[PDB]
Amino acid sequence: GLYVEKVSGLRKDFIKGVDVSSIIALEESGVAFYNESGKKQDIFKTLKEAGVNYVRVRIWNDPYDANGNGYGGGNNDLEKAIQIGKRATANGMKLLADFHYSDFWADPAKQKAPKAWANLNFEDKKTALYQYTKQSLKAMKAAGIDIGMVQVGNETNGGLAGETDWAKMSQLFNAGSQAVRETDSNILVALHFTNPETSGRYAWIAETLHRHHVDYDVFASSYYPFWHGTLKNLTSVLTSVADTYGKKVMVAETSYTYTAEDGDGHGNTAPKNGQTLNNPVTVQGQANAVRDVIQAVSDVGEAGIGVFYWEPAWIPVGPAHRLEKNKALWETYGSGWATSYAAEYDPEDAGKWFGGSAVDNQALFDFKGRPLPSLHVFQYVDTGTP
C-alpha cells in the first residue's frame, strides 16, 4: 500500500545508502532482522534487495573506558567498522568510512579529542590523525572491503579532534584527506557539516575550506527536516557550494518518524513539540520525507551524488515496558545511544542522558525487525509506485 512519486531527474548511479552502525551492538543484544517474506535474514542482504547500494559506518578511535567498557552508541570502533564493511561488500554495497576522530559522538557541540591525543601538541596530533586514518584504511583494504568514500570528520561545524581554530581544523582535514589519497585515488574524500538553515553557514564554511586549501571532493550535509529548515533551502545552499567550489554534494544523514510511539522505553529524539513536521508521522509520511530529500539532492543537478538514511534499523532491544531489563542490554552491549561508562568522556551529555535508542521510531523496520513498506522507497524513487 506504499506510494512513492518518481523522483524527477534522478541519476541512475545515485547513491542510496544507509548508516547501520548500531547493527553489531544490536545483534549482540539478541535483536534480529527479517525480510519481506518474514524470514530471519542478514539485514545487509535485505538492504541490498531493497535497492540500497552504500553503507555508512561511524568510527570512534577508542569508544571505551580504561577497563574496556564500551561507551555505547554501538561502540563503533575500527573493528566493528571492518565487520560492517565485510558484510557491506559481501552484499554489493560500497562503504563510507565515517571517522569522528573522537572517542565518542562528534557533532556541533562535541568534537572532543580522542583520549590518546588528549595532550599531544598540535603537530603530533595532526600526524596521529593522519596515521590513524592511514592504518584504519589499510586494515579495511586487507579485509577486502570495497571503500567508496571516506568522511574526514563528522558534523565538524565548530571543531575537530579538540581543535576549534579553523586554520588548525583545515590542517587536520588535510591530514585525514592525505591518508585517503595515499590509500586509493578512487576513494572520495568527504567533509560533513550540519545545520544548513543557518543563514550563510555553508557558504562561509566552503569559503574557509577554500582559503585553507583543504583537499576534499564531497561537501556532505546532515538533513533532519524537524530542525534543518526547508528542502528548498537545502538544495539552495548545497547547489551554491557545488557551483562555487566545484565540489560534489550529498546528504550524509537523514531520517523521519514513521510512528509517534517510543518502542524501547528511552525517550525518542522525535517527534517533539516545536519540531517541524511537514509529513504525517506514518509509514507513508516517512517515505515521503526520504523521497523528498532524494529529490532535493537530485535537484542540485550533476553534483548531487546521493543520500544516506541515518540509522534505519536502530530498533529496540526489547519492549518499552521492560525498561529495566532493556537497560541491562544497553549497558552490556552498548546497543543504546550511550552507556553510563561514557560519563567520563562526556559528563554533561551522555553523563546524564545515557540509555537506549532515541530513534527506534525513525527506523525503516518495525520494533520487531520486519521491514516497513517504506523501505521500498529506495527502489520506487527511480520509477514510482504503479
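The first residue of the sequence shown is number 1, and the count goes up from there.
- Stretches 64 to 72 and 322 to 330 differ in mean CA B factor, with 322 to 330 having the higher one.
- Stretches 261 to 269 and 174 to 182 differ in mean CA B factor, with 261 to 269 having the higher one.
- In the PDB entry, the Cα temperature factor peaks, among 221, 233, 275, 282, at 275.
- Of the candidates 125, 228, 291, 100, the one whose C-alpha carries the top B factor in the deposited record is 125.
- When all modelled residues of the chain are sorted by CA temperature factor, residue 208 is found within the middle third.
- When the CA B factors of the chain's modelled residues are split into thirds, the value for residue 45 lands in the highest one.
- In this PDB entry, the Cα temperature factor of residue 78 sits in the middle third of its chain's modelled residues.
- Placement of the Cα temperature factor of residue 84 within the chain: lowest third of the modelled residues, per the deposited record.
- Among all modelled residues in this chain, the alpha-carbon of residue 165 has a temperature factor (C-alpha) in the highest third.
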